[PDB]
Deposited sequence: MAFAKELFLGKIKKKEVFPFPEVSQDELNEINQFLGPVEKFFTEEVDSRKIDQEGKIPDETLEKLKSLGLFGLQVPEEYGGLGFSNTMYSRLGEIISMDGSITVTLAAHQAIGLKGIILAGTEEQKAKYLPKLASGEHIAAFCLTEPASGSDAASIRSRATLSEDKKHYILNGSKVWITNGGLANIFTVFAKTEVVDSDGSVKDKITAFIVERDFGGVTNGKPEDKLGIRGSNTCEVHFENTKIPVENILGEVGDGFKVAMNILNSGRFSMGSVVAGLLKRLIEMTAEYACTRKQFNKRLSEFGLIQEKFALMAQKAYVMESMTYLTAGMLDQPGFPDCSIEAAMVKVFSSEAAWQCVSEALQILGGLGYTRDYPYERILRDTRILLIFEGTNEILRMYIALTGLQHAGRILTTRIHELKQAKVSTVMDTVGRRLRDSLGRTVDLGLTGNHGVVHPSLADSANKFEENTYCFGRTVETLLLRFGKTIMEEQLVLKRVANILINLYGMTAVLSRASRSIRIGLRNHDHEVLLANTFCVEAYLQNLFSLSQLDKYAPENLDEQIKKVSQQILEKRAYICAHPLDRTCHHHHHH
């Protein structure tokens, strides 16, 4: 890939720096499609009504079904549209206007029907995809189950093969299932017994295609979520569900591979999605920061609001660059393994979303704190972004450990920039220096720790952050250089937004790379362990009151 070789201290060009170019014929088709979709989303979608009622109106859902937005990436041979990943990221920006639709649609497309596409047979695709893309059926992804006195990640769902060997019987329960009350097709993962030449009782995860018509599938009332009220998040229980043997994704026991393929292949469009939201904020708060007077001056004339606007623009620029760079590497012929970059995009996008949305709400002062403005609702909606599609601190271990796998194999085996425009020369040298330092530090970390690196989750948080910054420092150097070369409109703004982010990210990486050394006096990792250990063994705040007085 590209990120896995960053751990080795090498920059893999000819894959990242020539920015993904879309042919003129393809751009016209996507604009022709976006026309009606953007017109519908700007006019006929009532975000306030959906939020206050907690239910997406049936007319809106039917009109969305007419647009074919439920089968965006489904191949055209199966009643879908067959849009590429870049052409899907483009649509993700104009769909995010509601927030409750960008979650219902993503949970049905990105994880819902993605299993049948990735692992389903040619006869399963001909049966479920034509009706999943048409919007008549809705798909759900059932992996997690409620932890009650048990491990939160283990799967206790059971699938017993029948006496006559004609269908499995499924028993279990799942929680946090999006579209649980609407879905008619479930991609359920359950542990089934497998017997081999060893004669053991080894059980393996297997993916099923469970229909609500199979019987025994029951879902509870929808949960009272903070922000995304229009989404239908229920919990689904399968009580003796009879699943025909032909309704198995891939092969029996080979369900871990499918679950890894559905989850990893996604989240990249999130970076565009939130970007499509962030720009909207810049188009609203500015209209408030330029028509309002304070101290006989515009609000736009004060430095502390100008910093907010510049930060929002820089965040949106880096997010768009990351998303389209990732989607361009996913459109290459064959099957590329780009899963670290998707987690990078998700983490950066969620953090920027939270920070920028809160800061935009702060711009309006007390007027943005009420329910009469579209900033309260946006503030509540973007909080799920740090929990949706994977918790942000889970993905940092995924980013750090997956790349340390790649560096580990190469290290053990080994033991036993004239593409960026000349104007962007002060930021490419910083990128090269940071990449070389990151490679050296990763080698040192692997040598010092080794297989124990699992325990050190504070070391892996700094590795996952330097690497996230390194991906944003190359997505904005590829885009800005392309803008200079082609000569797009106001490319000087792009250069300013690329040189400003590169300096800040270089400083951040320079600080973090100093804390990954044995002799760092600024490393607060041993002191954090003691304080937190004492707090958690007491399960309460320890320090006495400042007014306390002993004898």
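Residues of the deposited sequence lacking C-alpha coordinates, numbered from 1, fall in the stretches 1, 418-450, 586-591.
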